[PDB]
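What the coordinates show
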Amino acid sequence: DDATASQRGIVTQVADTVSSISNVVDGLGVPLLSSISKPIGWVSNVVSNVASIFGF
Amino acid sequence: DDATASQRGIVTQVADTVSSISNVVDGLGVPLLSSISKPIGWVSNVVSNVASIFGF
Amino acid sequence: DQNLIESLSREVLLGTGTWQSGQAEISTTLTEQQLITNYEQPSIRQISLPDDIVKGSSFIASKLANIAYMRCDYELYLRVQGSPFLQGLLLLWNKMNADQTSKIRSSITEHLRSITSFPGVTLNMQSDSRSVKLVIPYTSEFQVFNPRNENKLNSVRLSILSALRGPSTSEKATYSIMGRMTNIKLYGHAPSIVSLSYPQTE
Amino acid sequence: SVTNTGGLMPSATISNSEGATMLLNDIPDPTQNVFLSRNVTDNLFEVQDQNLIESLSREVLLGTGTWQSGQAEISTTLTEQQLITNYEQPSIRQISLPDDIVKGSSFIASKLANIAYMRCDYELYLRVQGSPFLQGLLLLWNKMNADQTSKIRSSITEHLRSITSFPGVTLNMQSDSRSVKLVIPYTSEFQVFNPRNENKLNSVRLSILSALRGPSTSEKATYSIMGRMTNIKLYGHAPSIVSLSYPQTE
Amino acid sequence: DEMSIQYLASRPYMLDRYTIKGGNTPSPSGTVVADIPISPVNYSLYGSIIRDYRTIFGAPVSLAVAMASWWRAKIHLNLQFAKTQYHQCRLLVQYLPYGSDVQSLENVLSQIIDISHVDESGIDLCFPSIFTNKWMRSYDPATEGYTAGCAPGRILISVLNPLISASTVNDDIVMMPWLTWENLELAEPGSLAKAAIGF
Amino acid sequence: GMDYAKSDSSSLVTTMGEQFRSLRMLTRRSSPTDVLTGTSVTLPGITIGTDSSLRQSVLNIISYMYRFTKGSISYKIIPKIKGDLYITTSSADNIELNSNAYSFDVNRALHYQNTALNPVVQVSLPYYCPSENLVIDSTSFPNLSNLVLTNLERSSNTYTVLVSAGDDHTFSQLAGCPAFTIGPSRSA
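Residues numbered from 1 in each chain as written, not as in the entry; some residues may be left out. Chains lettered and ligands numbered in written order. Part of a larger assembly, values for the part shown. Heavy atoms only, no water.

Method of determination, as annotated in the archive: cryo-EM, at 3.3 Å resolution.

Next comes the structure, spelled out in structure tokens:
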């Protein structure tokens, strides 16, 4: 969500998500890497073959 | 509400609230500290474990 | 029945004395030589806390054996006696943490109009009850202290605010101070020993 | 709504406490310019709370020692010269109560400051250690009030078959747990005692009941005694001083 | 909140002692015991010169107005005494705009106070501030009475019936005004006022 | 009561452009302190206070009526000779005497700025203390962070500094007032 993150213009929000914590010891735990993942957003274009890829 | 306060861009509004005045003497009184309190807004993120905390 | 929290709240004697006409009254103002030198305004008695109690009372000194740290909230009781014909006016007031700050900042605050704006209570002898109560909230940087070393903060003081007078010269009248802890919170288990500060290594 | 004459005609019905003790004849006046608060938030790790009854029940060390083959085993029987002379049967250790604790523990000695009298019910813990190859058998037993009666009646009772019929508990080293518990009920003529003088009654004893043996001569094994009060009942307020008995006048 | 101006204004403070004497030849009626100009920072009854600088000892509100240039307020006194119930006299208190000297009962607002009826904690009394505009100015050069626009006026306390007392009691008594500033209000920050350390 | 008082009757908007009912607003305003010549510059820490002389910041003046402080504080800095400079924090333990080490070697928060483009340095100093409160001019915490600034090449320079309370900041416990001067000095 870098496009929105830059368009909105504020430093703080940096695209929210909520991770799935596990292995809690004393109220603290370790997030899964699987859910920390964030969208890349050019890949959809390359797979869908948007015109901009070809420069037109 | 610093995020909105900076996004809206105008100096004056500085996030409104209405304090609970007490000990009025002659039409003037002393606000409670309890109601002058304003949101901090990073705490929600640290407690909810948003992904941005981990840098991802 | 006897309880620990109950035992700690018991009232304690703190001071007792005569008071008389010849003693000095506090100044309205300051001059230079005493302004530069951090002069302190004269008083009948002054009292450290909470040491006057804890290290001051062998009973309390024993009840707190082998506990690590604690919180407290004081109450104080002034009780003066004299004849109906006597004239006078006392002030009982709370100097704050004081010692933990600069020598200058506990110096330029000692004068009458400032003394009367600190927390405190006055005692006219016109009153029939002739006694007053004064509450001292806990206040420090550290959240707890071990009772058995020099954890000295807020110094209570008693000051003349009007000279004692009677039909004859050299009249006199008696007074007593008493005090007790409340809202106490003990915390931790440890050998009963004096503790040490940061630069020092143990 | 009336001027307060300096000490003429005060109210005469007032009564109120200040401390948990000490009644007072007249109310202090709650006037002062400001009422301030506690300031600090706690911000700390939690710890278990402290109580007086709880503090008194804490476990205490009482004795510790070596035990070895050369020490004597208690006699099955008595002969004359020792029967007439009020002979006592030999023991590894003996322990008075409750003095070993109260006057024995500076902590407890301090917690009981300025209280007049009290009741107690003891527990004791024996813990012996040695190798699997060792052989032996101990006895931990409670001699009663003893000292408050005739010298003769604490004399003709010391022999094996009587020793084994007193309240008590044996300890074989065959056991894997190698530890025992023994409960002592309060027992006296007086219903309470002040802790801080010679209120000496029931003497606990530890005795060999079978000699220690190992493949080599002069084997040895260690042991420890521990104890704690229960069912305590403190009673009264008084200056912390030794008290006196009837013929004496104070 | 402890930094609000109303919180600062609401604390009473003793200003100064004043004797009233005193058995035998008591001072004649119309003898003033006190002249109190109505301003927190007056150089007369507050402070003294030291090293050319005119230092001024006083209560915190006085500093708060010492910093701003313009101000407005009303007075709330609390008179208080050191007496037995064997002393007995009466007092006048006037509020005088641009005046001086005692001015009868008729000419100005006045307020008789019997001493014997003043139980302890004293007696409260309040005065309105009459003046040509809305804002007073703070600082003044004057080393005695208030200048002009610097203060609303004066309050003046004087004997009506002279004091009498028993042989069993001391000849004279002591009056101790306490006070607070109702409806205080400040404007335009900026001044030479600052702490007395160094010079 | 026996009051003659009758409550006021006056409009607010008619005479001056604003009204304020708190001392905090006066303290958020930034004011000059004292010029800092030379290399070994020393700005006051968040403990603040205890200046001598007579010139002193407005925050520094309000400081004497209270006893406790808490929160971050702000600085503006105006160098006399233009050119880039760096800003860094430090502590008494944190310092080194290797005589090849320099202030960048600790990896603290850093701030660069070329003053030829932006003459006014603006830096806010945060609140790292173990305790919820601080008695003013506390010495109970020797290692509190303290600001330092360097040009590279370590040349001499002067700075016009002016401090202000951070938005996070407050005072508490009301001690009574210091003696204070008011008018212009008399005579020479």
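For the rest of this paragraph, the subject is the overall build of chain C. When its secondary structure is counted, chain C shows five helices and eight strands. The helix and strand sequence of chain C, counted from the amino end, reads α-β-α-β-α-α-β-β-α-β-β-β-β. For chain C, the C-alpha atoms occupy an extent of roughly 60 × 50 × 25 Å along the three principal directions. In chain C, which comprises 202 residues, the share counted as buried stands at 59%. On chain C, roughly 8400 Å² of surface is accessible, and the fraction owed to carbon and sulfur atoms is 50%. Taken together, the 19 basic and 17 acidic charged side chains of chain C have centroids lying 1 Å from each other. (Helix = DSSP H or I, 4+ residues; strand = E, 2+ residues; numbered from the N terminus. Buried < 20%, exposed > 50% of the residue type's maximum accessible area, 1.4 Å probe, protein only. Areas by Shrake-Rupley, 256 points an atom, 1.4 Å probe, with all protein chains shown as cover. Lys, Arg positive; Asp, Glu negative; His and termini not counted. Charge placed at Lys NZ, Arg CZ, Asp CG, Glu CD.)

With that settled, consider the pairing of strand β4 (residues 84–90) of chain F. All names here are of chain F. By the criterion of burial, β4 is predominantly enclosed, with five of the seven residues buried. Of the strand pairs in this sheet, β4 and strand β5 (residues 110–114) are connected by five bridges, and their pairing is antiparallel. Bridging across to β5, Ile87 finds its partner in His111. Note: β4 against strand β8 (residues 146–150), five bridges, orientation antiparallel. Within β8, the residue paired with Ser90 across the bridge is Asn146. (Pairing = 2+ DSSP bridges.)

All names here are of chain F. Taken in spatial order, the three strands make up an open sheet running β5-β4-β8, and their pairing is antiparallel. A single partner strand is all that each edge strand has here, and the edge strands are β5 and β8. Across the sheet, the mean angle separating the axes of adjacent strands is 20° when strand polarity is ignored. (Axes fitted to C-alpha atoms, helices over the stretch in contact; angles between N-to-C directions.)

We now examine the packing of aromatic side chains. Tallied over the entire structure, the rule returns 12 aromatic pairs over all chains. Measuring from ring centre to ring centre gives 6.2 Å for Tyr138(C) and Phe145(C), while their planes differ by 20°; the resulting arrangement is stacked. Its relative accessible area of 4% is what places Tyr138(C) among the buried residues. Members of the aromatic cluster, each reached through a chain of ring pairs, are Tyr86(F), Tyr102(F), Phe104(F) and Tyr112(F). Between the NZ or CZ atom of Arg105(C) and the centre of the ring of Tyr64(F), over which it lies, the distance is 4.6 Å. (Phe/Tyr/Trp six-rings, centres within 6.5 Å; stacked < 30°, edge-to-face > 60°. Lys NZ or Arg CZ within 6 Å of the ring centre and 35° of its normal.)

The subject of this paragraph is the arrangement of the chains. Here the protein chains form nine pairs of chains in contact, of which the pair with the most contacts is chains E and F. Nowhere do chain A and chain E come into contact; their C-alpha atoms are at least 31 Å apart. The two units chain A and chain F are non-contacting; their minimal C-alpha-C-alpha distance is 17 Å. (Contact = heavy atoms within 4.5 Å.)

Before going further, it helps to spend a moment on helix α2 (residues 60–67) of chain E. Summarising burial for α2(E): eight of the eight residues are buried, a large majority. Among all positions in α2(E), only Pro60(E), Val61(E), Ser62(E), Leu63(E), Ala64(E), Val65(E), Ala66(E) and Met67(E) are buried. Packing partners of the buried residues in α2(E) comprise α1 (5–9), β6 (68–79) and β14 (178–189) of chain E together with α1 (24–28), α2 (58–62) and β11 (180–181) of chain F.

It is worth spelling out the interface of chain E and chain D at this point. Listed as interface residues are eight residues of chain E and, on the opposing side, five residues of chain D. Summed over both sides, the interface between chain E and chain D buries roughly 550 Å², with carbon and sulfur atoms accounting for 39% of that surface. When the buried surface of chain E facing chain D is broken down by residue, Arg11(E), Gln85(E) and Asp119(E) rank first, second and third, together holding 70% of it. Counting across the interface, chain E meets chain D through zero salt bridges. For the pair chain E and chain D, the number of links is three residue pairs in polar contact. For the side of chain E that touches chain D, the class distribution of residues is two nonpolar, three polar and three charged. (Buried area = accessible area lost by both parts, 1.4 Å probe. Salt bridge = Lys/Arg side-chain N within 4 Å of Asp/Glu carboxyl O. Polar contact = N/O pair within 3.5 Å; in protein donor to acceptor, adjacent residues only side chain to side chain. Nonpolar A, V, L, I, M, F, W, Y, C, P; charged D, E, K, R; others polar.)

What follows concerns the pattern of salt bridges. On inspection of all chains with the given rule, the structure shows 19 salt bridges over all chains. The residue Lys95(C) makes a salt bridge to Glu110(C) at a minimum N-O spacing of 3.5 Å. You can see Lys95(C) sitting in the loop between β4 (87–94) and α5 (112–115) and its partner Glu110(C) sitting in the loop between β4 and α5, a full 15 residues away along the chain. For the residue pair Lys95(C) and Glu110(C), the accessibility class agrees, reading buried in each case. A salt bridge links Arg24(F) to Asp1(E); the shortest N-O distance between them is 3.3 Å. Linking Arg24(F) in helix α1 with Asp1(E) in the segment before α1, this pair reaches from one chain into another.

Before going further, it helps to examine the interface of chain E and chain F. Contact with chain E, which involves 50 residues of that partner, is made by 45 residues of chain F. Of the roughly 4800 Å² buried where chain E meets chain F, counting both sides, 65% is carbon and sulfur surface. Our enumeration of links across chain E and chain F arrives at two salt bridges. If you list the elements that add at least two residues to the side of chain E that touches chain F, you get α1, β5 (53–56), α2, β6, β10 (123–127), β14 and β15 (194–195) of chain E. In terms of residue count, the dominant contributor to the side of chain E that touches chain F is β14(E) (six residues). For the side of chain E that touches chain F, a count of residues per class yields 30 nonpolar, eight polar and 12 charged.

Assignment of secondary structure puts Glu141(C) in the loop between β6 (131–136) and β7 (153–165). No salt bridge is formed by the buried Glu141(C); its nearest oppositely charged neighbour, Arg67(F), is found at 10 Å. From its side chain, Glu141(C) meets the backbone nitrogen of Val135(F) in a polar contact 3.3 Å long. A polar contact of 2.6 Å, which involves the side chain of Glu141(C), links it to the side chain of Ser140(F). For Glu141(C), the contacting residues outside a window of four places in its chain are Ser131(F), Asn133(F), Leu134(F), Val135(F), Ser138(F), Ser140(F) and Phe141(F).

With 89 residues, the main nonpolar core has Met175(E), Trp181(E), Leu186(E), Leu43(F) and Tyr66(F) as its most contacted residues. Aside from chain neighbours lying at most four places away, what touches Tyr66(F) is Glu2(E), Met3(E), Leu23(F), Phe171(F), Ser172(F), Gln173(F), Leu174(F) and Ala175(F). Within the second largest apolar cluster, 80 residues are counted, among which are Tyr74(C), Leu134(D), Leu140(D) and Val204(D). (Core = buried A, V, L, I, M, F, W, Y, C linked by side-chain atoms within 4.5 Å.)

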